[PDB]
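Working through the structure, step by step
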Amino acid sequence: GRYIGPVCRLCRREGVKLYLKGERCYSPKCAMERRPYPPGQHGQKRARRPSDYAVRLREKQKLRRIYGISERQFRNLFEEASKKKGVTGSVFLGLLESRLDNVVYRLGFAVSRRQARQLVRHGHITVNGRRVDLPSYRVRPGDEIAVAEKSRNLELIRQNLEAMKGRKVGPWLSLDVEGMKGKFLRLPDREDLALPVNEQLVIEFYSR
Amino acid sequence: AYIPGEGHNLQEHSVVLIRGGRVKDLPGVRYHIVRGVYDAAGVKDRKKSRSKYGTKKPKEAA
Amino acid sequence: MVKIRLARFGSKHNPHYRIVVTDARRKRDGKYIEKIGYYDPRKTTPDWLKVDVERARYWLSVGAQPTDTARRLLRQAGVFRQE
Amino acid sequence: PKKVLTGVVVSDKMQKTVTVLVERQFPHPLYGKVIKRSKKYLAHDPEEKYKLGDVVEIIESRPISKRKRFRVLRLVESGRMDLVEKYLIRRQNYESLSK
Amino acid sequence: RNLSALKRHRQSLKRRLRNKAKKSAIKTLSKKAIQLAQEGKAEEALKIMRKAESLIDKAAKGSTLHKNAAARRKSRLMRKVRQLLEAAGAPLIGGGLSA
RNA sequence: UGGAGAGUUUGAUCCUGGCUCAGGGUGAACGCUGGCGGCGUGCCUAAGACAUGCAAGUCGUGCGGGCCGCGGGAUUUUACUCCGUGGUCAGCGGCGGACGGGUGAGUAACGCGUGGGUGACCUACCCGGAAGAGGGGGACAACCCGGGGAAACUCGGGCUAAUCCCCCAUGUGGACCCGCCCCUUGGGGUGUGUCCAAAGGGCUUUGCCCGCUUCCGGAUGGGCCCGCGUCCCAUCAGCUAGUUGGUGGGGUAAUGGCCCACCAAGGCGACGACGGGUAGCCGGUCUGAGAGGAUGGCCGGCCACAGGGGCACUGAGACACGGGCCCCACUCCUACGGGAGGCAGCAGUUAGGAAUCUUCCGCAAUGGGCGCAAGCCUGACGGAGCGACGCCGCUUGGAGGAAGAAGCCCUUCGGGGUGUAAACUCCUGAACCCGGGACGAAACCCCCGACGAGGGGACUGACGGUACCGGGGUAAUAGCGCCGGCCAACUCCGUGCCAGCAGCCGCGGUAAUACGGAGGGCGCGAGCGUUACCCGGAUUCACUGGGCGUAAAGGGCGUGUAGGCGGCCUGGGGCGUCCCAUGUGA
Ligand SMILES: NC[C@@H]1O[C@H](O[C@H]2[C@@H](O)[C@H](O[C@@H]3[C@@H](O)[C@H](N)C[C@H](N)[C@H]3O[C@H]3O[C@H](CO)[C@@H](O)[C@H](O)[C@H]3N)O[C@@H]2CO)[C@H](N)[C@@H](O)[C@@H]1O
Ligand SMILES: NC[C@@H]1O[C@H](O[C@H]2[C@@H](O)[C@H](O[C@@H]3[C@@H](O)[C@H](N)C[C@H](N)[C@H]3O[C@H]3O[C@H](CO)[C@@H](O)[C@H](O)[C@H]3N)O[C@@H]2CO)[C@H](N)[C@@H](O)[C@@H]1O
Ligand SMILES: NC[C@@H]1O[C@H](O[C@H]2[C@@H](O)[C@H](O[C@@H]3[C@@H](O)[C@H](N)C[C@H](N)[C@H]3O[C@H]3O[C@H](CO)[C@@H](O)[C@H](O)[C@H]3N)O[C@@H]2CO)[C@H](N)[C@@H](O)[C@@H]1O
Ligand SMILES: [Mg+2]
Ligand SMILES: [Mg+2]
Ligand SMILES: [Mg+2]
Ligand SMILES: [Mg+2]
Ligand SMILES: [Mg+2]
Ligand SMILES: [Mg+2]
Ligand SMILES: [Mg+2]
Ligand SMILES: [Mg+2]
Ligand SMILES: [Mg+2]
Ligand SMILES: [Mg+2]
Ligand SMILES: [Mg+2]
Ligand SMILES: [Mg+2]
Ligand SMILES: [Mg+2]
Ligand SMILES: [Mg+2]
Ligand SMILES: [Mg+2]
Ligand SMILES: [Mg+2]
Ligand SMILES: [Mg+2]
Ligand SMILES: [Mg+2]
Ligand SMILES: [Mg+2]
Ligand SMILES: [Mg+2]
Ligand SMILES: [Mg+2]
Ligand SMILES: [Mg+2]
Ligand SMILES: [Mg+2]
Ligand SMILES: [Mg+2]
Ligand SMILES: [Mg+2]
Ligand SMILES: [Mg+2]
Ligand SMILES: [Mg+2]
Ligand SMILES: [Mg+2]
Ligand SMILES: [Mg+2]
Ligand SMILES: [Mg+2]
Ligand SMILES: [Mg+2]
Ligand SMILES: [Mg+2]
Ligand SMILES: [Mg+2]
Ligand SMILES: [Mg+2]
Ligand SMILES: [Mg+2]
Ligand SMILES: [Mg+2]
Ligand SMILES: [Mg+2]
Ligand SMILES: [Mg+2]
Ligand SMILES: [Mg+2]
Ligand SMILES: [Mg+2]
Ligand SMILES: [Mg+2]
Ligand SMILES: [Mg+2]
Ligand SMILES: [Mg+2]
Ligand SMILES: [Mg+2]
């Protein structure tokens, strides 16, 4: 099963602020606004010039840890993107962003990918009316991602759909906020996302 | 064959599994005994790399 | 004696046959002579049976006994329906 | 098509049979260089008509003896005792490879 | 331990026996015919040949001799007879041979 | 849409060069650990030996009986005997047992692959087309009577039916010899002569249903032959006497030295014969930028085998896994004379081994055999069981939550770490409980129509009370490896060339990031490591793509055989080469 364990703790280590808690990893602390250095006894000591490997490792750990996905599943996605037509960097990100668990979070229904995961798992989500409890499910374009009518009354869905009052959603998505349902209009270009990650390093990491 | 580990329990009729893995400082020693199998008991008091040495999980803080 | 019969493809709890012409003597899932159609008994998809009837007609024309159920599928695709 | 080959009669010692040496050439599968290779065929000559030196065609045939599966289709041109020399020398070299 | 279609065994032995005899007849009569033709023989060489032809075509009706094993035997036989006859005089009682 | 390199020879350097590692793979095994599901997969060894059950039969619409019953008659004397009908048993006869299932022992071979050839052939069942079935006769089991053997079985005698066997006829046709045409390997046609057919059964009974005969055609499946391809050793160089060819026979469905008589003296070999080694081949699989290398396990295709060696019978088809004969070895029975057996079918047991499953459910589906049909058989098969053995999917929570509890660890004594991690607050609700509940199954069959087309009708589920849907509902598993460099991850203690680590370089001799433990960290996660094996890196057998002055490597030098290679101009052929179209590449 997916990671399960301390989080705004690679918010640390990986240098950059990763958004794995959503509400707090967002507000005087991803723990990161207090301690911007690696975890552990050595965290605050002159970091050593990183090896080409270290670098490429880190960048891929970053990207992976962001989406909360496991190495085996991440890897197969990468290999899938590699076979496919077109810039194999973006494509991967295309696929990574097509995971229902993510879309749901991109759509505001959840505040975290991790929390989005639980929503999808416990039946609270529905693709094209039919419901779907697989975090890995590939959302294709055209697909309507609703919330489960039965699940609507829940405090949690309410808050998140209410705090989406004002909010704006990525160019590849749309969102009827009242009907608690969004849409997947097309797959995101690299430019559509602002990820702290140079995928050129990731492709590179999977080359040896 | 080499008997790896902290210390052992092997005597003259012992019956053991061999695995291959030379020792290099000992000439003509091209195999290791596998600990935890047949009459080679696994290494007691081993907290770390326990699965080589073949010693089950200890149970005080676990 | 050559036969129009079904050959099992698909998978466990997922039957999908091939209407196929083959020698009687051949193992059920082995080399056949011609696939002349396919049939999905659980109609999971709108197109669950198809048969090249020109070809069926040909094989009957050369003396090929269908399975009873091979011919039910053939009947249905108007293999013997006439005039 | 019954296979038709062409080569050179290099023996008529047998009754109603000729031996025919037949060259075939082709790229080497790895090294690409075109290489020659050859093989003798025993061919049926019911009228002991063909003799040493003749270029004949040879045609795939219903069996006539053990290892006789070809008949002599036609003469292509006579003479070629040069090619027969080629074969005969290659043959006597063999005795100079023993112990 | 008692597989009841070792009935097939029983049958085989009876059919064997039946074929075995049919063939012995064909042999001894053919031999008889060719033998007669050695001494240039009127009716009787053919008369016998004629019987034997029947006995063959007959055997081929069933499993005995099926086919053209039949045709083969007739062929070998009424060739042999006609040849051995023309060593010596005319094909008298016209019997079984095309004029 | 495809190509990463590093460590290690020195005081240092460049080059050569080996070794080692990082990557992918697995029918695995071993260690530690282990929650769920779906789909796959599972004796690599002893082609060892096997208890027990099950695995090929079916047809009464081919035939005649026996045995156990019941009913009605000829009979009014109870003896004899006719008919009908219910079980049941085998026998005769047919069709099936040559497929389906198993295995890889042998095989380096037209075995296999691929493309051709058959004027050199066969093909039961099936489909099309043409024509027939008219007399007559016979036997053998069943059953009855006797004999031998301990049993396995077996000998003798007597009756009997058929779709069993035979004779005569009819000959649409076909076969053979001779001849003649056409055609060209034995392909068509034709003329005398000769020779060859058949079986009956059922009826809701004068007209249908199942069959039978001969012939031609199709379809399927096969046999034979040929070109090319198919591993290692030349420290195997010469091999051959059915050998090589011929004439004539035999044998086959058919070609052929396949076999035999006789004749000739031939055949093969460095382009590797002969010999030895090893191996089922292939479609594929793994690897690799590719070229290539390795491989042939699952699934499909072909071969070969059925305790070891031979052999033939029957048959369309076998030289026949669950048929027969003989020899050999092993096990069991034995009244010592004689017998019985063959899981490389499904399970299963035992032995070997590091290691590989249930003596399960079901014929409901698909397929197969026999049957007019109903059906019967089917360990083929469809399912379930067991093993993280593999692949994929999912869980062990989610959001808040301190300048930050305790414990444990560092510390320059100020402070730092584990760490939002926990505790705690809301929120969801794997497991588990309640309810509904499958698809897979429409045919065979019956009725209308005509037994055809078409229409109507009824039955049928092993998996399974499973999947899936609905209601309720508990915060509810984490491990393994690594942290000197290659390589991502550092400190305190312990230890003192010991105990130990170790893939290679090398660590350990009192301050060890290398040993053991702790804290902390890195990496993967129901797994993680180990060992073993293949490809990779290895351009380290170099075709792509290497080298030989001193690193390994120019033969001591010549002569010259086979072979390889070949100046300039013109013409012909078009074998290589290039192009188009087409068949094939399941
Ligand atoms: N009994 C265990 C072993 O069986 C072995 O023999 C085995 C083999 O002969 C054969 O097993 C085959 C195997 O050959 C071949 N590679 C195919 C498959 N792997 C196995 O399959 C066999 O066993 C599996 C279960 O293990 C069965 O499911 C399968 O149906 C059966 N054929 O059948 C036997 C097991 O069925 C050895 N005799 C011996 O080591 C020991 O008997
Ligand atoms: N028409 C040609 C074919 O000949 C083959 O047989 C030939 C080949 O098997 C063999 O010759 C080949 C040779 O051509 C090729 N250039 C070299 C190859 N090593 C040889 O192979 C030979 O040796 C190898 C290795 O020892 C073995 O497999 C076997 O004994 C033999 N095939 O000997 C025969 C003549 O070369 C096929 N088996 C057969 O299918 C077909 O007749
Ligand atoms: N090694 C030196 C000598 O090589 C000589 O022969 C070789 C040399 O004359 C010459 O090889 C040349 C080399 O001279 C010069 N240094 C340049 C060139 N790279 C080489 O060339 C060779 O190698 C390249 C690949 O590297 C190939 O592509 C090429 O076809 C091949 N000729 O061509 C021959 C190819 O090997 C002689 N064998 C002997 O004197 C000695 O071995
Ligand atoms: Mg820190
Ligand atoms: Mg029978
Ligand atoms: Mg040196
Ligand atoms: Mg040094
Ligand atoms: Mg090196
Ligand atoms: Mg399973
Ligand atoms: Mg009976
Ligand atoms: Mg088989
Ligand atoms: Mg099987
Ligand atoms: Mg050999
Ligand atoms: Mg044919
Ligand atoms: Mg009669
Ligand atoms: Mg008698
Ligand atoms: Mg008859
Ligand atoms: Mg006529
Ligand atoms: Mg007659
Ligand atoms: Mg002959
Ligand atoms: Mg072998
Ligand atoms: Mg390479
Ligand atoms: Mg191979
Ligand atoms: Mg045998
Ligand atoms: Mg026969
Ligand atoms: Mg055989
Ligand atoms: Mg058996
Ligand atoms: Mg054991
Ligand atoms: Mg069935
Ligand atoms: Mg059936
Ligand atoms: Mg939390
Ligand atoms: Mg609740
Ligand atoms: Mg490092
Ligand atoms: Mg260690
Ligand atoms: Mg110390
Ligand atoms: Mg270390
Ligand atoms: Mg340590
Ligand atoms: Mg998983
Ligand atoms: Mg290489
Ligand atoms: Mg080169
Ligand atoms: Mg070199
Ligand atoms: Mg030198
Ligand atoms: Mg010199
Ligand atoms: Mg010279
Ligand atoms: Mg020369
Ligand atoms: Mg030139
Ligand atoms: Mg050309």
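Structure determination for this PDB entry was carried out by X-ray crystallography, with a resolution of 3.1000 Å recorded in the header.

**Points about the UniProt feature "binding site: Zn(2+)" in chain A**
All names here are of chain A. Per the UniProt record, "binding site: Zn(2+)" is annotated on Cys-8, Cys-11, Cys-25 and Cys-30. A maximum C-alpha distance of 7.6 Å is found for the annotated residues, which run over 23 residues; spatially they form one tight group. Inspection of the secondary structure assignment puts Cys-11 in the segment before helix 1 (52-67). With relative accessibility at 0%, the residue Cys-11 sits in the buried group. Dropping the residues within four chain positions of it, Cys-11 is found in contact with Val-16, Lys-17, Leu-18, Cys-25, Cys-30 and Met-32. You can see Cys-25 is positioned in the segment before helix 1.

**Description of the pattern of salt bridges**
Side-chain pairing between opposite charges can occur once the charged atoms of the two side chains come close. Residues and elements named next belong to chain A. Scanning the entire structure with this criterion turns up 31 salt bridges over all chains. Across the salt bridge formed by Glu-144 and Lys-181, the nearest N and O atoms sit 3.9 Å from each other. Pair noted here: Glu-144 is in strand 2 (residues 144-147) and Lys-181 is in strand 4 (residues 181-184), with a separation of 37 residues, a long-range link. Given the relative accessible area of 32%, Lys-181 is considered partly exposed. A single salt-bridge network, built from bridges that share partners, covers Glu-14, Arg-58 and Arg-65.

**Brief notes about helix 2 (residues 68-76) of chain C**
All names here are of chain C. All buried positions along helix 2 are accounted for by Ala-70, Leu-73 and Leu-74. Here the buried residues of helix 2 occupy an arc of 100° about the axis, which is enough to place them on one side. Packing partners of the buried residues in helix 2 comprise strand 1 (2-11), strand 2 (14-23), strand 3 (34-39), strand 4 (49-51), helix 1 (53-61) and strand 5 (64-66). Of the residues one or two after helix 2, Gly-78 is the one with positive phi, at around 55°.

**Some words on the pairing of strand 3 of chain C**
All names here are of chain C. As judged from the five bridges shared by strand 2 and strand 3, these two strands associate in the antiparallel manner. Within strand 3, the residue paired with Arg-18 across the bridge is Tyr-38. Alignment of strand 3 against strand 4, held across three bridges, turns out to be antiparallel. By the bridge assignment, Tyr-38 is partnered in strand 4 with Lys-50.

**Focus on the state of the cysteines**
Residue and element names in this part refer to chain A. Within the structure shown, the criterion is met by six disulfides over all chains. Disulfide partner of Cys-8: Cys-25, at an S-S distance of 1.9 Å. Placement of the pair is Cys-8 in the segment before helix 1 and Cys-25 in the segment before helix 1, with a sequence separation of 17 residues. When sorted by exposure, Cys-8 lands in the same class as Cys-25, which is buried. The disulfide partner of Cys-8 is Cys-30, and the S-S distance across this bridge is 2.1 Å.

**Section: the protein's contact with RNA strand F**
In the vicinity of RNA strand F there are 205 residues, among which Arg-12 of chain A, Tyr-2 of chain B, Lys-66 and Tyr-94 of chain D together with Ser-54 of chain E approach most closely. Atoms of RNA strand F within 4 Å of the protein: sugar and phosphate make up 79%, bases the balance. In the environment of RNA strand F, a phosphate oxygen lies 2.4 Å from a nitrogen or oxygen atom belonging to the side chain of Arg-24 of chain A. Here a sugar or linking oxygen of RNA strand F sits 2.7 Å away from a polar atom, N or O, in the side chain of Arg-50 of chain B. No other element matches the 12 residues that helix 1 (residues 7-37) of chain E contributes to the surface near RNA strand F.

**Looking at the UniProt feature "domain: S4 RNA-binding" in chain A**
UniProt tags residues 98-160 of chain A as "domain: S4 RNA-binding". End C-alpha to end C-alpha, residues 98-160 of chain A measures 21 Å, and it is 35% helix and 11% strand.

**Some remarks on the packing of helix 1 of chain E against helix 2 (residues 43-61) of chain E**
All names here are of chain E. Axis separation between helix 1 and helix 2 bottoms out at 9 Å; the angle between their running directions is 155°. By the angle between their axes, helix 1 is roughly antiparallel relative to helix 2. Along this stretch, helix 1 crosses helix 2, giving a crossing that reads as left-handed. Residues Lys-22, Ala-25, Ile-26, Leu-29, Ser-30, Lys-32, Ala-33, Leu-36 and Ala-37 of helix 1 form the contact with helix 2, whose own contacting residues are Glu-44, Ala-45, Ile-48, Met-49, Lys-51, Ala-52, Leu-55, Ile-56 and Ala-59. Among the residues making up the contact of helix 1 with helix 2, the classes are represented as 13 nonpolar, one polar and four charged.

**A few points about the side chain of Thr-88 of chain A**
Residue and element names in this part refer to chain A. Within the secondary structure, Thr-88 is located in helix 3 (residues 88-97). In terms of polar contacts, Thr-88 uses its side chain to reach the backbone carbonyl oxygen of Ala-81, at 3.0 Å. Aside from chain neighbours lying at most four places away, what touches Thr-88 is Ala-81, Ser-82 and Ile-203.

**Side note on the sheet that holds strand 4 of chain A**
Residues and elements named next belong to chain A. Spatially, the four strands line up as an open sheet ordered 1-2-4-3, and their pairing is antiparallel. The sheet is open, and its two borders are formed by strand 1 (125-127) and strand 3 (173-176), each paired with just one other strand. On average, adjacent strands in this sheet sit at an angle of 20° to one another, irrespective of strand direction. Looking at chain direction, strand 3 and strand 4 are connected through four bridges and run antiparallel.

**Concerning helix 5 (residues 113-121) of chain A**
Note: α-helices contain 3.6 residues per turn, so residues at a spacing of three or four share the same orientation. Residues and elements named next belong to chain A. When helix 5 is considered as a whole, its buried residues turn out to be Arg-113, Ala-116, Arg-117, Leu-119 and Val-120. All buried residues of helix 5 fall inside an arc of 165° around its axis, so they share one side. Elements that come into contact with the buried residues of helix 5 comprise helix 1, helix 3, helix 4 (100-106), strand 1 and helix 6 (155-162). Of the residues flanking the end of helix 5, it is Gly-123, one or two places downstream, whose phi is positive at about 75°.

Conventions and cut-offs
Residues numbered from 1 in each chain as written, not as in the entry; some residues may be left out. Chains lettered and ligands numbered in written order. Part of a larger assembly, values for the part shown. Heavy atoms only, no water. UniProt positions renumbered as here; feature names shortened; annotations may be inferred. Helix = DSSP H or I, 4+ residues; strand = E, 2+ residues; numbered from the N terminus. Buried < 20%, exposed > 50% of the residue type's maximum accessible area, 1.4 Å probe, protein only. Contact = heavy atoms within 4.5 Å. Salt bridge = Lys/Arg side-chain N within 4 Å of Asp/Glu carboxyl O. Arc of directions from axis to C-beta. Pairing = 2+ DSSP bridges. Disulfide = S-S within 2.5 Å. Near = heavy atom within 4 Å. Polar contact = N/O pair within 3.5 Å; in protein donor to acceptor, adjacent residues only side chain to side chain. Axes fitted to C-alpha atoms, helices over the stretch in contact; angles between N-to-C directions. Parallel < 35°, antiparallel > 145°, perpendicular 65-115°, else oblique. Left-handed = near helix turned anticlockwise from the far one by under 90°. Nonpolar A, V, L, I, M, F, W, Y, C, P; charged D, E, K, R; others polar.

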